[PDB]
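Heads up, what comes next is one protein chain in two forms, each shown on its own as structure tokens, labelled structure 1 and structure 2.
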Structure 1
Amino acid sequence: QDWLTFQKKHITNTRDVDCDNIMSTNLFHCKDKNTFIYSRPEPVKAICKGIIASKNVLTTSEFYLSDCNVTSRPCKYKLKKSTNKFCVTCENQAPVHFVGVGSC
């Protein structure tokens, strides 16, 4: 919904996201999936440079992604690492929503 919340929800400082731990917190409340971007914030913010009105943008470069995908056991996850482009909603020059992997 805003750049502060996007960083908390979708940017990780460690590739090996501790899914069963973090996914169980209020922010994610045991949901089935969450894509995290392994980067410091500024190169991710930079995806949106110059874009004022809300617009979905597919990244120009690929990033390191870490996904927490639920297993058959509620709130227990597999961590899956991949490299791909992703789509975010840019608004007033920052990412405010994560849209999806690979395509808008």
Structure 2
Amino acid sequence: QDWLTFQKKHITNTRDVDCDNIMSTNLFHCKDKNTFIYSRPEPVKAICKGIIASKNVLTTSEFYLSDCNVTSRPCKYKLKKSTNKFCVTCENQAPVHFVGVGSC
């Protein structure tokens, strides 16, 4: 019925994560914090290429990150946008856990 509503209904992609709306979904259930990587999966998965054992691996390059951080208002967030290295648990050559931004 309008452009912004069409966008929300039918367009899957913005670097600008809508924190209040995505953090309130079933998957995030209003938790205090989540980091989103604006990237294709393949370059993220490549971080763990050739790693079989469970290991924490910092990226050798930076990615575009959206951090949703809760305010004093329940399930209301502020968005921080940055580029940085991040750390993942690699297992069977795939990321299984996001460990942290800038450092393991």
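If you superpose the two forms and keep the largest set of C-alpha atoms that fall within 1.5 Å, you have the rigid core. For numbering, take structure 1's sequence and count from 1. Only residues modelled in both forms are compared.
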Practice item. Once the rigid core is lined up, just say which one of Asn92, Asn21, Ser82, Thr14 has a C-alpha that travels 2 Å or more between structures 1 and 2. Key: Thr14
Review point. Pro41: how big is its Cα shift between structures 1 and 2, in Å, with the core superposed?
Key: 0.6
Review point. Where does the protein shift between structures 1 and 2, taking runs of 3+ residues with every CA moved 2 Å or more once the core is matched?
Key: 1 to 14
